[PDB]
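These protein sequence lines are chains E and R, in that order. Residue numbering for the first sequence follows my numbering, starting at -7 and increasing by one per position. Residue numbering for the second sequence follows my numbering, starting at 944 and increasing by one per position. Cβ coordinates follow ideal geometry from the N, Cα and C atoms, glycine included. Working notes, beginning with the structure itself.
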Amino acid sequence: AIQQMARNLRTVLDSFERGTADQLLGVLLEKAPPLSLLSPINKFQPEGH
Amino acid sequence: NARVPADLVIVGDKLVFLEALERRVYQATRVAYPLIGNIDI
């Protein structure tokens, strides 16, 4: 019983370190605009207005 | 004289500067850069 206890708790503690990268991928996908729309605006208009 | 980081290229027999000044000047301002001139056909 205590062996199953420790073996289970180890992967539960590992899962947060494993899923922080998942959350960064989620937020970086929710943040990034497409390159095909970012790159002409950064170039073809000089300043704006 | 003073040392300045600037690139020089050689064409023909003449050593010329090569300038594309758009990041140092004409950046984060409200003016239009020249050499983006217009033509009429």
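When 7 Å is used as the limit between beta carbons, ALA963 of chain R is near no residue of chain E, the shortest such separation being about 14 Å.
Put simply, the CB of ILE984 of chain R is far from chain E, with every gap to its CB atoms at 9 Å or more.
Contact annotation for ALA975 of chain R against chain E: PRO38 and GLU39 [CB-CB distance below 9 Å, chain order]. The Cβ atoms of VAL952 of chain R and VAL959 of chain R lie closer than 9 Å to each other. DSSP, read as helix, strand or coil, puts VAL4 of chain E in helix. In the structure shown, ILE33 of chain E falls within a helical segment according to DSSP collapsed to helix, strand and coil.
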